[PDB]
């Protein structure tokens, strides 16, 4: 099963945090990386201008069940990243999201696939389109049509 995973990171030096994360993803049992998108650069949310965020997408072939894959992405987030001390509820310093899991639709208490907001997020869709331009979502919508209709601005490269 081909899973597509969004990776984000702005902490310390994003390039080596993300590279360590990719190595971790590749070491997930019963799984191997098919391809990784380019690394992209997105500005921080808020006017205060935090560090720049590094965004990418990974195609991972896996025979794990979706919740088993979740277990590993959560483990990697714990091992490779941390919580913001002034915002424990805020996003961690390394973000992994399972965007898509084959053609599966999953609405459990722990796991929602497709990612619930990805169709509204250029920073998830553009890297995905780079590695999977002909992708079709479980509901039949084409990735290309979403990017075209919604007219999301392209992302700058890291």
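Numbering follows the first chain given and starts at 1.
Stretches 68-76 and 84-92 differ in mean C-alpha B factor, with the higher average recorded for 84-92. Between 144-152 and 12-20, it is 12-20 that carries the larger average Cα temperature factor according to the deposited entry. Note on 114, 133, 46, 127: the highest value goes to 46, judged by CA B factor as recorded. Ranking 107, 120, 55, 37 by Cα temperature factor from the entry places 107 first.
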